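This report refers to the structure that appears directly beneath it.
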Amino acid sequence: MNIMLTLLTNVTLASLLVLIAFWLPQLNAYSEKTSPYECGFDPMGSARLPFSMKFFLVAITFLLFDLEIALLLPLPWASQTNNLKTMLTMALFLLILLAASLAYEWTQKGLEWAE
Amino acid sequence: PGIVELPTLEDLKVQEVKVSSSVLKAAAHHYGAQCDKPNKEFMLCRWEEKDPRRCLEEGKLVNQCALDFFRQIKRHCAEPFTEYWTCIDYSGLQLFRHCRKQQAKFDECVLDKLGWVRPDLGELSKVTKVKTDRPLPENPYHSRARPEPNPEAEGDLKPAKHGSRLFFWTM
Amino acid sequence: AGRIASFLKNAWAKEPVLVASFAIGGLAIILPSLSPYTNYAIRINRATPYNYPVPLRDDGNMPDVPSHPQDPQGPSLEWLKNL
Amino acid sequence: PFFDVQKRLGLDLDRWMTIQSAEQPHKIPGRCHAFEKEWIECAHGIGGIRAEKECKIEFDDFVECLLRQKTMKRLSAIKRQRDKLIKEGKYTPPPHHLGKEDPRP
Amino acid sequence: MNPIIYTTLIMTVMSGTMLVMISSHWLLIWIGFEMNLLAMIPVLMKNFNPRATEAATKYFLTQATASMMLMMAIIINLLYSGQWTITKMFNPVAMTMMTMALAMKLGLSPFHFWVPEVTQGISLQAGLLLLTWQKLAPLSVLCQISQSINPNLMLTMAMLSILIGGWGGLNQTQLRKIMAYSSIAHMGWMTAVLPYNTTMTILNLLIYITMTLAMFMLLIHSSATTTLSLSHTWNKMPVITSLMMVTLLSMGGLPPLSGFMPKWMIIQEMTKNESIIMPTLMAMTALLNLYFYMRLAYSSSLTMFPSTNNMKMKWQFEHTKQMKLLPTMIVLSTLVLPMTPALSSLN
Amino acid sequence: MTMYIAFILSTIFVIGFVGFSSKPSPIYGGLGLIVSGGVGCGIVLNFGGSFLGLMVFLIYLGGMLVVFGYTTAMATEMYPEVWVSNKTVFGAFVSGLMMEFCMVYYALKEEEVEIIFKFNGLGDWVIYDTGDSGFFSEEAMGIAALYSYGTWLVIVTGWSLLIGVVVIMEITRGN
Amino acid sequence: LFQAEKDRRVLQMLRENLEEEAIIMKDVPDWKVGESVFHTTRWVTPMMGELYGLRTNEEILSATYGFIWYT
Amino acid sequence: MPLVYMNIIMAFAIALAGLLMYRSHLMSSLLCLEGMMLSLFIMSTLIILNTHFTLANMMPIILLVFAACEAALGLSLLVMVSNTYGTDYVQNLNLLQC
Amino acid sequence: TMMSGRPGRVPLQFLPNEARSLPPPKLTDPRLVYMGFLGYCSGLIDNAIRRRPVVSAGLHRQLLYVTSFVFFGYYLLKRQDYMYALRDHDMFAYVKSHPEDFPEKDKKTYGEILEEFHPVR
Ligand SMILES: CCCCCCCCCCCCCCCCCC(=O)OC[C@H](COP(=O)([O-])OCC(O)COP(=O)([O-])OC[C@@H](COC(=O)CCCCCCCCCCCCCCCCC)OC(=O)CCCCCCCCCCCCCCCCC)OC(=O)CCCCCCCCCCCCCCCCC
Ligand SMILES: CCCCCCCCCCCCCCCCC[C@@H](O)O[C@H](CO[C@H](O)CCCCCCCCCCCCCCC)COP(=O)(O)OCC[N+](C)(C)C
Ligand SMILES: CCCCCCCCCCCCCCCCC[C@@H](O)O[C@H](CO[C@H](O)CCCCCCCCCCCCCCC)COP(=O)(O)OCC[N+](C)(C)C
Ligand SMILES: CCCCCCCCCCCCCCCCC[C@@H](O)O[C@H](CO[C@H](O)CCCCCCCCCCCCCCC)COP(=O)(O)OCC[N+](C)(C)C
Ligand SMILES: CCCCCCCC/C=C\CCCCCCCC(=O)O[C@H](COC(=O)CCCCCCC/C=C/CCCCCCCC)COP(=O)(O)OCCN
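Residue numbers (the deposited numbering), protein chains in the order written: chain j, 1 to 115; chain u, 2 to 172; chain U, 2 to 84; chain h, 2 to 106; chain i, 1 to 347; chain m, 1 to 175; chain W, 74 to 144; chain k, 1 to 98; chain g, 2 to 122.
Structure, rendered in structure tokens:
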């Protein structure tokens with residue numbers, strides 16, 4: 001309830017700021033002023049053309065490493081279990097495999113960007 | 002299928018313990034030390050019947066014993082207890098840690114006036130025995146009669162008559 | 002045992018971060034099995050009363066079950082107060 | 002097809018999680034624990050074919066606890082009749098159903 | 001690919017299948033399927049080319065959609081009964097969703113389209129794996145829940161699979177597509193008897209796997225992927241072509257060969273029920289599979305096609321690495337009909 | 001029928017699914033799925049699953065960042081399509097919207113079966129539990145039990161993650 | 074003490090609902106007042122739709138989203 | 001059954017149809033797959049939250065983990081397809097026609 | 002299906018303890034001889050595929066083929082016989098325990114039954 005009111009207040013304040021910024025000043029837009037910005041001249045191609053991604057392999061690994069966070073965040077609560085020896089074995093197992101996966105991608109030159 | 006039987010309102014009338022949660026938390030340790038027997042009888046009733054309708058008298062006894070406990074506190078010293086529960090009421094988590102002096106004064110009063118000893122750590126959490134005349138319920142789950150199982154596999158194994166008996170095979 | 006010294010020397014000269022990481026991870030793996038305080042941690046976890054202790058029906062054959070919380074029977078937490 | 006390695010070795014690889022009445026942490030019970038245990042007990046050992054017809058009552062109670070179709074329909078019927086009667090104007094609900102009651106601890 | 005990584009991937013595929021077979025929990029069976037797919041995708045792409053990438057992509061999309069449907073069926077079954085155990089499948093809508101999910105994992109018609117394309121786009125080793133080992137887990141799950149299976153839907157899909165496999169196989173010149181269509185028809189034969197007797201399903205599965213292993217191993221021994229490349233084999237390995245012809249006859253289902261036994265048992269089991277029309281249609285449709293098997297046998301063993309001059313150089317070299325169990329698979333794929341009553345050790 | 005908050009959140013969930021279901025460019029499909037993830041987080045917050053909602057929101061935010069990178073790299077065109085820039089996309093969008101509105105109307109007005117069985121509505125507050133117990137939270141204890149009860153799940157999941165890293169390496173190797 | 078008070082409060086709300094629906098539904102010809110929807114006769118915990126069903130929307134929301142929204 | 005369950009199931013059906021229908025870019029199909037994961041997660045969480053089953057609170061976590069595994073697999077395949085053809089168009093994946 | 006679930010059955014036994022109360026198949030059983038023939042055929046096909054003298058190339062490996070097939074066949078036959086014995090045992094017990102479903106009908110002689118006659122002409 002209060003978080004909804006807070007979010008609404010923040011979004012409304014930002015929107016009113018945009019509205020003020022767009023309706024208070026004197027607008028004079030003509031074709032040359034709104035043209036795309038290159039440093040001095042006109043662009044050759046488009047900004048919508050494909051832009052090659054040299055770290056594409058690290059990005060996919062980020063998805064798999066991100067989900068290893070969902071497995072480790074309940075660890076503060078798991079420390080309150082009675083049988084700590086099986087919990088600590090499983091928590092360390094979950095991090096050794098995460099370390100071994102990082103080591104594997106490192107040694108196979110997976111962490112290097114495409115040249 | 003069937004009518005749910007509910008108690009009448011006059012069966013649900015008792016004198017209420019109308020002190021706030023801070024007063025209750027300030028009193029909790031001594032209250033558990035003194036009012037243990039009715040509370041344990043009520044909770045044994047509660048986990049043995051699995052029905053709020055079958056343990057109303059035990060709950061009324063719980064209320065009565067708690068009211069007498071608070072009456073004793075009110076009769077012998079109310080000032081140190083008021084200070085203690087004012088502490089407890091101020092903090093948002095009702096932490097015991099935030100005044101041990103007022104708790105000390107309350108403990109001294111209840112010890113040198115009523116002879117009450119505050120329970121130590123690990124005592125109120127013990128599982129205790131309770132002696133009741135209430136008969137153990139025969140079937141609290143209201144279970145039906147379980148269906149009769151398949152009888153058994155009895156006898157000695159003998160070779161199949163004329164073997165497999167599949168089409169032309171003779172074994 | 003002689004070449005491993007030179008291997009560790011080279012690693013410490015070139016990759017101190019990896020050496021530190023492996024030493025810390027190995028210590029974290031092995032030390033808990035050699036500690037006498039992990040049993041204390043387990044028993045502390047076991048002594049936290051999250052749930053209500055349901056009383057037992059008295060049948061007359063329970064010499065080790067208390068009749069009252071302040072009775073001498075039952076578990077003791079004096080080891081925790083001094084810990 | 003199904004190789005029951007767990008039953009052979011007594012392992013419990015995944016049986017701990019199959020039913021609501023099986024050893025939850027901190028003894029937290031399911032919403033329909035009693036219905037499920039009644040159905041399982043009645044159902045146990047008679048086989049699947051016999052169980053559907055014979056224990057149909059326990060399973061029906063368990064499903065009613067899980068999804069609460071009958072209770073919702075009964076409550077909706079009572080509410081609709083009450084709405085019709087107050088639109089007709091001959092019911093005048095008591096103060097304790099309009100937030101004007103005396104609460105109890 | 002590194003041999004260690006390849007072995008790890010193959011063992012991960014096998015461990016996913018075993019996890020599907022040994023699990024009593026629906027979530028664990030789903031995890032087994034997902035692990036199987038995850039390790040299976042690279043194996044199809046072991047030899048890299050655009051066709052292998054296409055096959056991997058199509059297989060991934062089909063299996064991912066099937067996994068979606070399977071998880072949705074599991075969740076609906078949980079909603080209508082708080083049960084996680086693989087059993088009678090208390091809800092019928094969830095049961096229909098599960099049946100279509102598993103059928104599309106298997107390749108049963110009308111979901112059969114992915115199989116010919118994926119088999120053609122990969123090598124013969126990956127095709128062997130796909131057409132033999134990847135059928136065990138869905139069939140195991142289908143066997144476990146055959147009591148709640150709907151006869152009208154399953155039998156419709158089985159008859160459709162038999163018809164479509166028979167018809168599509170007639171048009172094919174490539175060997176991998178022929179094997180895929182025969183796989184679809186055999187899948188239909190397996191799933192037709194599933195609501196009646198799962199022992200017959202397992203028997204047909206074992207016989208089909210033996211014949212398929214023999215046929216792929218023969219096609220790998222003689223490195224042939226088309227009809228005319230196999231037409232050359234008689235000039236280098238006549239014994240291989242003769243064994244292939246006998247294996248093809250067995251695949252067709254003509255007695256006294258091993259292939260005849262599974263259909264014979266399925267027909268008997270269906271006629272123990274009323275079920276008279278459908279086995280008749282199934283046999284008359286398996287005639288098509290026999291026809292294109294015979295076309296292959298004509299092109300490869302019963303006639304001698306023209307050869308090339310460079311075969312004289314191949315005449316001087318031996319087959320370097322010999323696959324083990326090829327002799328055993330051929331014998332089990334042809335001369336096992338007299339041991340038919342031994343199917344009682346399957347229930 | 002009490003402030004309709006769960007209803008509104010679920011309706012926005014379906015609207016976002018229709019938005020990205022239309023396939024009116026990856027950049028806007030990612031926006032739609034982000035909105036759906038946020039409103040789903042809210043939906044499961046309203047039922048007491050705060051940890052699960054927050055975590056799924058976080059996971060999908062990361063995934064959508066990766067998808068945005070990949071869309072600018074390999075799934076872009078000269079004129080990316082928005083929901084009103086193409087007849088097929090707009091038609092699918094409005095069809096999904098009208099289907100959602102139609103099923104909502106035929107559910108609120110009448111209790112008639114759509115696919116599985118007819119529902120009631122009545123506000124999803126009716127089916128709650130009255131549960132007065134616990135100084136902990138049930139969801140957090142259940143999730144934390146992944147290390148004490150779910151050893152087998154941890155083993156299979158960790159193996160799958162390591163295998164997935166190896167698999168992406170092998171697939172994108174190339175050659 | 075809290076357990077006893079909760080039992081009494083729930084039972085009183087259920088009795089009030091019983092009397093109220095007995096008055097409301099007595100016009101209906103074949104309505105069994107107080108009929109259970111379960112075959113079993115053991116006690117079944119209420120659903121909050123059976124307790125706060127006849128009450129105001131403020132109380133319904135305080136019972137449903139009261140603790141969740143209190144931050 | 002509540003009405004929020006209708007909304008979640010309709011979301012799943014919409015995502016399934018969106019996946020089934022293919023336009024041009026492969027990326028959009030992977031978006032539909034991930035949406036189907038999102039809907040399955042929400043449905044599982046709601047059912048699991050409603051009936052107090054404590055031990056199944058972890059299965060949505062595993063569901064998300066294997067969802068990420070599928071997403072990574074699809075992204076790797078899309079990388080390779082785009083490298084082969086320069087676009088992620090499904091029209092190019094037609095070599096196995098013949 | 003039918004035999005998958007039965008009371009008192011060990012999952013992966015392949016040969017329960019109650020199977021030892023059955024007569025073992027003779028070593029000269031014709032099915033065992035056929036299994037040995039299958040082993041011999043496998044050995045001959047192995048010789049022919051590898052381009053070796055089919056009848057005489059490897060005697061030790063052919064012997065291993067034959068004995069392996071016989072060895073597997075013996076236990077296969079034991080399990081086959083055990084399962085058929087279980088089938089007959091269960092069927093007889095079910096017939097005995099349900100008399101009203103399997104009643105012994107009255108014995109009629111062909112002098113009393115009236116069969117219609119169809120001439121051939
Ligand atoms: C029911 C009753 C029993 C019947 C059971 C079934 C039949 C018997 C078992 C079948 C399996 C056994 C053998 C299979 C492997 C053999 C392969 C082979 O090529 O053999 C070559 C080999 C001769 O080669 P070699 O001496 O090394 O040097 C010449 C070069 O190798 C020459 O090499 P190459 O490169 O010049 O060869 C080229 C040739 C090579 O092509 C072939 O040879 C065809 C291979 C046969 C296919 C087998 C597939 C699996 C078996 C299925 C049988 C189906 C039966 C059901 C009815 C349907 C018929 C298909 O290919 C062609 O020229 C194209 C011709 C296309 C014709 C298409 C028809 C072929 C399929 C017909 C199969 C029917 C069964 C034949 C059985 C015997 C065949 C050798 O033949 C033999 O010497 C073995 C014959 C049997 C030996 C038994 C002798 C034991 C001791 C005798 C005494 C008995 C007991 C003593 C005690 C008594 C007290 C005193
Ligand atoms: C930061 C968060 C808190 C903010 C709290 C205060 C909120 C401030 C409200 C936001 C607007 C402030 C902008 C300041 C100047 C107003 C600009 C605009 O809104 O007014 C006119 C908008 O009016 C329309 O243009 C023409 C008016 C005809 C329509 C009638 C108004 C609709 C209501 C019906 C009549 C009632 C009149 C008021 C009596 C109640 C100008 O429009 P336009 O010329 O394009 O743009 C040029 C603006 N310049 C000149 C300043 C550069
Ligand atoms: C028998 C032949 C096996 C051959 C196949 C091997 C392949 C699988 C690998 C090993 C089998 C895993 C079985 C483990 C099942 C877990 C259950 C059992 O082991 O007990 C657990 C014992 O815990 C141990 O930690 C088991 C795990 C130790 C093994 C570490 C993982 C290494 C496995 C290798 C595969 C992983 C892939 C990556 C390689 C590093 C928990 O005991 P406990 O806590 O009292 O009881 C909990 C129930 N409570 C709540 C009522 C108390
Ligand atoms: C052409 C024929 C193809 C044959 C295929 C390969 C032949 C060799 C088979 C390999 C033998 C080892 C397998 C198992 C040995 C020990 C393991 C033991 O535990 O298995 C038990 C029993 O062993 C196997 O189940 C039976 C294997 C017997 C295979 C031979 C039968 C072939 C069919 C008839 C064709 C004639 C073949 C003649 C020989 C070539 C399992 O019991 P259960 O857990 O309860 O079964 C669960 C699944 N069920 C109930 C649905 C069946
Ligand atoms: C038993 C503990 C297990 C868990 C603890 C570890 C947790 C986290 C640590 C592991 C994370 C991943 C490991 C990454 C492996 C990297 C392998 C590699 O190839 O790195 C080498 C660099 O490192 C090496 O040379 C190989 C290993 C070097 C040392 C690594 C550790 C060796 C052992 C150290 C400690 C031994 C045991 C503890 C005793 C300490 C002494 C007191 C290549 O360098 P680049 O950056 O690619 O080159 C770019 C610059 N031109």
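By construction, the Cβ of each residue, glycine as well, lies at the ideal position given by its N, Cα and C atoms.
Q. Are i:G32 and i:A101 touching if we call contact CB-CB under 8 Å?
A. no
Q.
Does the contact criterion of 3 or more C-beta pairs under 8 Å hold for the segment 156 to 176 of chain i versus the segment 285 to 298 of chain i?
A. yes
**Q.** Nearest neighbour of m:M169, chosen from i:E269, i:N204 and i:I41 [CA to CA]
**A.** i:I41
Q: Alpha carbon to alpha carbon, how far is i:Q147 from g:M92? Give it in angstroms, no decimals.
A: 22 Å
Q: Identify each residue in the segment 134 to 148 of chain u for which the Cβ-Cβ distance to at least one residue of chain g is less than 7 Å, and report them in chain order.
A: none
Q: Taking only runs that begin and end inside the segment 195 to 225 of chain i, name each unbroken alpha helix (DSSP H) of 4 or more residues, in chain order.
A: 198 to 221
Q. What span of residues does the alpha helix (DSSP H) with g:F70 cover, start to end?
A. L60 to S98
Q: Can you give me the start and stop residues for the alpha helix (DSSP H) that U:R44 sits inside?
A: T39 to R47
Q | Short Cβ contact (8 Å threshold) for u:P8 with u:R54 | A | yes
Q. Where does m:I116 sit, in a helix, a strand or coil, going by DSSP?
A. coil
Q) Quick one: does h:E55 have its CB under 8 Å from some CB of chain W? A) no
Q) Straight-line CA distance for g:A49 to i:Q322? A) 12 Å
Q: Using a Cβ cut-off of 8 Å (strictly closer), state whether j:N10 contacts chain W.
A: no
Q: Compute every distance between the C-beta of k:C32 and the non-hydrogen atoms of ligand 1, then say whether any falls below 7 Å.
A: no
Q | Of the residues W:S135, W:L127 and W:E123, the one placed nearest h:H97, counting alpha carbons only | A | W:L127
Q. My guess is that j:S101 and m:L161 are in contact by the Cβ rule of under 8 Å, so how many angstroms apart are they, rounded?
A. 7 Å
Q.
Quick check: U:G75 and U:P64, are their CB atoms within less than 8 Å of each other?
A. no
Q. Alpha carbon to alpha carbon, what distance is there between i:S23 and i:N49?
A. 37 Å
Q. In whole angstroms, what separates the C-alpha of h:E42 from that of u:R147?
A. 8 Å
Q) If you check the beta carbons only, do i:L326 and i:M217 fall under 8 Å apart? A) yes
(Q) Is the beta carbon of g:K79 closer than 8 Å to that of g:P12? (A) no
Q: Have a look at i:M329, i:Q174, i:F113 and i:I86 and flag the residue whose alpha-carbon is nearest the alpha-carbon of i:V141.
A: i:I86
Q | CB contact check: W:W116 to chain u, cutoff 8 Å | A | yes
Q: To the nearest angstrom, report how far apart u:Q65 and W:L91 are at their CA atoms.
A: 28 Å
Q. Taking 8 Å as the CB-CB cut-off, is W:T137 touching chain j?
A. no
Q. Rounded to whole angstroms, how far is the Cβ of i:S300 from the Cβ of i:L230, which I believe are closer than 8 Å?
A. 5 Å
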